[PDB]
Structure formats: structure tokens, C-alpha cells
Amino acid sequence: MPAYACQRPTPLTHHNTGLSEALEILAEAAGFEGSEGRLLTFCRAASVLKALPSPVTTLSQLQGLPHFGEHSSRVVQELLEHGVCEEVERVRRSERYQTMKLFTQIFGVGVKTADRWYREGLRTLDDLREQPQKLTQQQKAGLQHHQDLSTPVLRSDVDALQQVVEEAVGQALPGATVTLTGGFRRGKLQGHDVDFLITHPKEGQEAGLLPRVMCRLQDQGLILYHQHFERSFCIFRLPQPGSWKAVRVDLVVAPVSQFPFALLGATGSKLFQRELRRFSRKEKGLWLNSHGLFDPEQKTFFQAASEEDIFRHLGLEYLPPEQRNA
DNA sequence: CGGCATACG
DNA sequence: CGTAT
DNA sequence: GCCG
Ligand SMILES: [Mg+2]
Ligand SMILES: [Mg+2]
Ligand SMILES: [Mg+2]
Ligand SMILES: [Mg+2]
Ligand code: NA
Numbered sequence: 138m139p140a141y142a143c144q145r146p147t148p149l150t151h152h153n154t155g156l157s158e159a160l161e162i163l164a165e166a167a168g169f170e171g172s173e174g175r176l177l178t179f180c181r182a183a184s185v186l187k188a189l190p191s192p193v194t195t196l197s198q199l200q201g202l203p204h205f206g207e208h209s210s211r212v213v214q215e216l217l218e219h220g221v222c223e224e225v226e227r228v229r230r231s232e233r234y235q236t237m238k239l240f241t242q243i244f245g246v247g248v249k250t251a252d253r254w255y256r257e258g259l260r261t262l263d264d265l266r267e268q269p270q271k272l273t274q275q276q277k278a279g280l281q282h283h284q285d286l287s288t289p290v291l292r293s294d295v296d297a298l299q300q301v302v303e304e305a306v307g308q309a310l311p312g313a314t315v316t317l318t319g320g321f322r323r324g325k326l327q328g329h330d331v332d333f334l335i336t337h338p339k340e341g342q343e344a345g346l347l348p349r350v351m352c353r354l355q356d357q358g359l360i361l362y363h364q365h385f386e387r388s389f390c391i392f393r394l395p396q397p410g411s412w413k414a415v416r417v418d419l420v421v422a423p424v425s426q427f428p429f430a431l432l433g434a435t436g437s438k439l440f441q442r443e444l445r446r447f448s449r450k451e452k453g454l455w456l457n458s459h460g461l462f463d464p465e466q467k468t469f470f471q472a473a474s475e476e477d478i479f480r481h482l483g484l485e486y487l488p489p490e491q492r493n494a
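If you count by full-length UniProt numbering, then the first sequence holds residues 138 to 365, 385 to 397, 410 to 494, one letter each, in order.
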């Protein structure tokens, strides 16, 4: 088992679901307390289990696996022996965890804002609605639409949204293309948002595109919220039988020369990209981001034509999106 | 021990 | 500060 | 919390 998540296939569904979910609870709780190092380790340990070819049934099977030390091993041991881990259950039922989870799930609210509100004594969404002076317009949108945004987005919803985005993109810039990214490109059947990447085959033609797209979507009555650039974080109005629902949609524009890097970054998973960038810098001496791959010794950028190119240039076996579910 | 991904709105 | 993968 |  290699130590970096980008060195091993990680499928969407796997053989250690309960064990990984418990470790991910501890990762999430670590983040609510600002402990980014412990969040990473618990996330990494969870991802190792997702990469295994069969269920862990005995503690001996953790020996030699990366990112399993005393703490993550004890969690697994308790789950295997009793079906429950006391630490995990204590976190799950704690007022701090449940409220930070509730608050951070609001669009426009992060850990720092949620923590401040928690310390001020706030606990519920109605507590927040009773004091709109404390809210940004973004938070107001997130709170107004919270119920809809808590409902899973389905793959049928994605097809409908892609068509309306393509329509607006086609008027804004003929020949521009729309690619589905994020979790749905990795094969997820549900999600909490839809992610798209837009480019144009002629380098430079994509300049100024996203304002033109957003203006056209807003004119069509499809935009319930947006920030108004090259990234937009929108709430869309999606038709439903006899009504509609609010859906989070993210749009990204990249020049075609950067498209492989932007596609790689936007396809994720989040942990996969963190691990890939860590691997690039620490093992290969190259600096990876959503725009390119930089050799800081020669001061040159690697021209990729495909994701396959990028994996080859990092000396990694290629992984299709469906195997990047770290 | 230091390090833990990286960018844009 | 927020957002995203 | 774990790795190198
Ligand atoms: Mg997504
Ligand atoms: Mg998104
Ligand atoms: Mg230390
Ligand atoms: Mg997200
Ligand atoms: Na949030």
C-alpha cells in the first residue's frame, strides 16, 4: 500500500465503508477544532481503507498500512470488537459537533464563522434568521435556500442543468464547451452541487466569458443567487414536477492550454488533489496547481495535452476519474 | 522536529 | 473572511 | 495524527 492517495486506485464504493465513515467523523471534528494536521491523518487513514481489496476483519490486517498509528488503529479495533467506537459516538452526539456541522453546511459559513456563532451561544438556523444584521448577502442566500441545498442532487438533475448551461455558453461564445467535473465525473450518483468547466478551442477566446454566461443565465430567470472573473458559485433554479428546487452550481473557465490541469483539479477528490500536489512537490520537486505544473529549477511550465500527460510527467500510473475517490 | 495543497471571489 | 476540487 |  503506497503512502500517497494518488499512487493507488480508490473506487467510489468499497469494502470498508463503516470503518472509513468513523475515521471521517474524527477528521471532520478535528477540522471543527482547527486541527488541520489531525484532519489530514484521519482523512488519509480513511482513504487507505477505501483502497483495500476486501474487508478488514482483524487488527493484524492494519500492520504495515500507512497512516495507521495508535489512534486510528484503536478506533478500528473498537469497531471490530464491539461494533462501535466510544470516541466516535461521543463526538457524534456532542453539541459542539452537531452545531458546527449544521452551521458549516450553510453556503457562506465556514469553520471560523460557525465557531464564533457557537461561542456567542447560537445553536439553530432560526437563531441565525432572528439576527439578519449578522449575515452577509451570501449567508442570507445560503440560509434562505438551506433546505433545498440539503436535498441530494441526482444524476437526472445534472443532465438538465448541463443543457441550460450549454445553451447560455453557446450564445455567450459559439464553440465554447462545457465539461461535467467534480464528484459526478468520478461516478457519484448524488451530490450536493454540480461542477462544470468551460473552455474554448482557440486560446484566448475564453477571456471575459464568464460574465457573459452569468448575464444570460440571469436573464433567463435561472439564477437565484450569484456573486455579481473565472469562477462562479451559483444557486440555480432547477425545474421539478409542478415546481422547482434550488441547486448549487459551480462554473469554472480556463484557457484550453490549461484545460488538462483545470480538469484534473476540478475532478478531485479534494483529498486526491491535496495528495497529488503534495506528491508533486515533495517527491518530484514540481509545483502543481489548477493552471499548470512548474519546474522551479528550470523555471518552465510543462505543456500538457491531457490528464494522461500530467500523470506521466509525475511518474504516476494513470487513474481514471472513477478511481480518484480518495 | 517540520510538514501537512492550492488557488480564486 | 468565503468558495472550490 | 502520522511520516520521513
Ligand atoms: Mg461538487
Ligand atoms: Mg462544487
Ligand atoms: Mg509535532
Ligand atoms: Mg465541496
Ligand atoms: Na459552508
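For each residue, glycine too, the CB sits at the ideal point set by N, CA and C.
Contact between residue 319 and residue 435 holds: CB atoms are separated by about 7 Å, below the 8 Å threshold. Each residue's CA atom was taken as its position, placing residue 485 and residue 339 some 30 Å apart. Spatial neighbours of residue 394 in its own chain (CB-CB distance under 7 Å, excluding positions within 5 residues in sequence) are listed in chain order as 294, 297, 298, 412, 413, 415.
Look at residue 273: its beta carbon is at least 8 Å from all of the heavy atoms in ligand 5. As the crow flies, the alpha-carbon of residue 140 is around 19 Å from that of residue 480.
Listed in chain order, the beta strand (DSSP E) runs fully inside the stretch 341-365 are 360-362, counting runs of at least 3 residues. In this structure, residue 286 keeps its C-beta atom at 9 Å or more from the C-beta atom of residue 327. Look at the beta carbons and you see the stretch 189-208 not touching the stretch 444-461: under three pairs across the two are nearer than 8 Å.
DSSP places residue 391 within a strand segment (E or B) once states are collapsed to three. Note on residue 420: 16 or more other CB atoms within 10 angstroms of its CB, so buried under the neighbour-count rule.
Between the alpha carbons of residue 343 and residue 428 lies a distance of about 15 Å. By the neighbour-count definition (other C-beta atoms within 10 Å, threshold 16), residue 473 is an exposed residue. By the Cβ rule, the stretch 267-278 does not count as touching the stretch 298-314, because fewer than three pairs are nearer than 8 Å.
The nearest non-hydrogen atom of ligand 2 is 8 Å or more from the C-beta of residue 294. Here residue 246 carries a coil assignment [DSSP, helix/strand/coil]. Per DSSP, reduced to three states, the secondary structure at residue 236 is helical. In the same chain as residue 183, and ignoring 5 residues on each side of it, the C-beta atoms closer than 6 Å to its own belong to 157, 160, 161, in chain order. The alpha carbon of residue 205 has as its nearest neighbour, out of 218, 217, 180, the alpha carbon of 180. Here residue 308 has 353 as same chain residues with Cβ atoms under 6 Å from its own Cβ, once five neighbours each way along the sequence are excluded. In this structure, residue 283 has its beta carbon at no less than 8 Å from each heavy atom of ligand 4. Taking residue 449 as reference, the option from 324, 463, 440, 439 with the minimal CA-CA separation is 463. Of the residues assessed, residue 138 falls on the exposed side of the cut-off, its CB having fewer than 16 other CB atoms within 10 angstroms.
Residue 241 has its alpha-carbon roughly 26 Å from the corresponding atom of residue 185. Residue 454 places its beta carbon less than 9 Å from that of residue 482.
Restricting attention to alpha helix (DSSP H) runs no shorter than 4 residues, the stretch 275-323 encloses them at 283-286, 292-309, 319-322, ordered along the chain. Between residue 177 and residue 228, the gap from beta carbon to beta carbon reaches 9 Å or more.
Secondary structure at residue 477: helix, using DSSP grouped into helix, strand and coil. Here residue 441 is buried. Its C-beta has 16 or more other C-beta atoms within 10 Å. Across the structure, residue 348 and residue 387 are spaced so that their CA atoms are roughly 10 Å apart. Within 10 angstroms of the beta-carbon of residue 201 lie fewer than 16 other beta-carbons, which makes it exposed. Across the structure, residue 336 and residue 476 are spaced so that their CA atoms are roughly 19 Å apart. When the beta-carbon positions are compared, residue 147 and residue 491 come within less than 9 Å of each other. By the CB criterion at 9 Å, residue 391 and residue 365 fall outside the cutoff.
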